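Peer 1: This block holds the first chain(s) of the complex, placed as they are in the complex; more will follow:
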Amino acid sequence: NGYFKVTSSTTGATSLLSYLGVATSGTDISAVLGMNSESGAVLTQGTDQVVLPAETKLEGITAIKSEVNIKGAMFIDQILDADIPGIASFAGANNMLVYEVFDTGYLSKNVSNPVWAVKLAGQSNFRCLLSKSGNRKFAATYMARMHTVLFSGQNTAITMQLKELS
């Protein structure tokens, strides 16, 4: 895709430092090739060895918005309760939505119930959903139904009371 990739056969702690330089023995291609030292060029030097990043937390979602600027997020897994306030605060700060489902166990006005905690905290960006089956797919069709709006047409602001889902 318009990029010229040069990769040594050896893997691990082998460096292709040179930005194609210049040979005194001919007419260069380096300058026109656009991979000179002065020319902007990414040169990821070979890493030492295989690396083992420790398991991040779902809070590591910070990275995702760091690189994509999404606005509606999910998680395949269920978000564990202790992480709920953290991800809620993240949603409030990083200016996006986060749809999450819960089974009937979280049906209470109790503080111990994380969703009621969200309500009392005003963490309004952390949308909470119900599925007796705990159908995580229910988040998808939810996220896929709210966000369909263009914000340039005449009348397009939709609620979600009684909307067809999948």
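Peer 2: Right, received. Where do you want to start? Numbers count the residues shown, from 1 in each chain, chains lettered A, B, ... in the order given.
Peer 1: what residues does stretch A:111-126 touch?
Peer 2: Stretch A:111-126 is contacted by residues A:81, A:84-85, A:87-89, A:91-92, A:95-98, A:100, A:102, A:106-110, A:128 when judged by Cβ atoms under 8 Å, 6 or more residues apart in numbering. Every C-beta, even on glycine, is put in place using the N, C-alpha and C of the backbone.
Peer 1: For these, which ChimeraX command selects only the ones that are buried?
Peer 2: In ChimeraX, a selection of the buried entries from the contacts of stretch A:111-126 looks like this (16 or more other Cβ atoms under 10 Å):
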select /A:84,87,88,91,92,96,97,98,100,102,106,128
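Peer 1: Return the backbone torsion pair for the residue nearest to the spatial centre of chain A.
Peer 2: For chain A, the residue sitting closest to the mean C-alpha position, by Cα atoms, centre = their mean, is residue A:64 at 2.6 Å. Per-residue torsions, residue A:64: phi -60, psi -50 (degrees, to the nearest 10).
Peer 1: Excluding sequence neighbours, find me the nearest residue to it.
Peer 2: residue A:70 (6.5 Å; Cβ to Cβ, 6 or more residues apart in numbering).
Peer 1: put chain B on too:
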Amino acid sequence: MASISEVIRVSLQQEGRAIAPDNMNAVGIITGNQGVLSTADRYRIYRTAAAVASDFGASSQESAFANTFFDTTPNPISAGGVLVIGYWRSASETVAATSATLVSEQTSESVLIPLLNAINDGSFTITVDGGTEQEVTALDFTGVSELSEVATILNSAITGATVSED
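Peer 2: Time to bring in chain B:
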């Protein structure tokens, strides 16, 4: 097995609440039966014969006058008016002594709930004056969504005194 009756609530025979109008035709029928209205309960405002009877009794004189009033096809209510019933002490007004009564001015339900939700503990000092002044602390409002709930919590909080919401 969910129902319509939660998203489209349809019912029958609900009496629209009546308020004292500035209108000229807010007429009065003064009665002489201490059965339902006291000196303090000096009057009561009505818009439907049905409610009139359901407060007095369809067998009551006041009920019959209400019917004869409400049957005139041009009805004062048709011109944005109300019926009222008063009370004058025809007979020996017995007034049973009641208890000391305390009322909050703040009718606003909405504003109260979040403040109660945020506060975990509580503190509260009433005096029934029946002895030791009360020292009431263990108050939680986190699980409250409606005024009735804080009411009942207060009830369980104050000895010798029932609390409620009207």
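Peer 1: quick recheck of the contacts of stretch A:111-126 now chain B is there?
Peer 2: Here stretch A:111-126 makes contact (Cβ atoms under 8 Å, 6 or more residues apart in numbering or on different chains) with A:81, A:84-85, A:87-89, A:91-92, A:95-98, A:100, A:102, A:106-110, A:128, B:114, B:117-118, B:120, B:142-143.
Peer 1: Can you flag which of these belong to helices?
Peer 2: In helices, defined here by DSSP state H, the members of the contacts of stretch A:111-126 are A:84-85, A:87-89, A:91-92, B:114, B:117-118.
Peer 1: Spell out, range by range, the strands that occur in chain B.
Peer 2: Ranges of strands in chain B, per DSSP state E, are B:27-31, B:44-46, B:83-87.
Peer 1: re earlier: was I right about the residue nearest to the centre of chain A contacting residue A:71?
Peer 2: No. Applying Cβ atoms under 8 Å, one finds residue A:64 not in contact with residue A:71, separated by 11.3 Å.
Peer 1: I'd like to know how many residues surround the nearest residue to residue B:149 once chain neighbours are set aside.
Peer 2: Of all residues not flanking residue B:149 in the chain, residue B:143 sits nearest, at 7.1 Å (Cβ to Cβ, 6 or more residues apart in numbering or on different chains). Residue neighbour count, defined by other Cβ atoms under 10 Å in any protein chain shown, stands at 17 for residue B:143.
Peer 1: With the one 10 residues further on instead?
Peer 2: For residue B:153, the count of nearby residues is 19 (other Cβ under 10 Å).
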